[PDB]
């Protein structure tokens, strides 16, 4: 990984030490990026719901299976209260795409994702060198997973495009300044053969129409839905 400090350094150091799991996968790959493109052809707004333990998780996942295009599950243990067991139980319970949302810094974590039933993984440009990211991209693709690559800024974008990413998520706040104009700028700079995901707050739902016209294919939510799951219906 790159030079890191503070909690982010701590979580990457712990992630490098994550023991591998010897699990056998219980489902096929249910591709997230491909289902987003299907929802786009069906004119159904494509919302990636989330689970982060801070709500019976299975009942929640089954609710979301009815509405969401996919489900992000936070599996980092020390700071975000996740687990591989929670991922596996949710993935075994539903047939929508599952994104393993963690700090993926070594190949064995992609092995873990595959063996536990996740359909893809998050990769974070700004914690990895370009060569590390390219290698992990290739490794994910060897399991039939197109990873969701997170960009922060134009330097991250340049890396992601140079290595041939086809599935990118863009937020509206630097990883702590919020800038919607900058989010739109980064979205515009991604070619149309890339599946693009915008982070969205539920309060921004009036922007979905325009963001779709600007090329966003799906929306990643990270607040409000666990307290009030039915809010996903109004996004859609």
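Residue numbers count along the first chain shown, from 1.
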item	value
Size class of the missing deposited segment between residue 54 and residue 55	4 to 9
Residue 175-residue 176 interval: deposited residues absent from the model	1 to 3
Entry-level comparison of average CA B-factors, 179-187 and 200-208, reporting the higher stretch	200-208
77-85 or 98-106, whichever carries the higher mean Cα B-factor	77-85
Residue 90 - Cα temperature factor, lowest/middle/highest third of chain	highest
Position of residue 142 among the chain's modelled residues by C-alpha B-factor, lowest, middle or highest third	middle
Within-chain third of residue 14 by Cα B-factor, per the entry	middle
Residue 152 - which third its CA temperature factor falls in, relative to the rest of the chain	highest
Relative C-alpha B-factor of residue 167, binned into the chain's lowest, middle or highest third	lowest
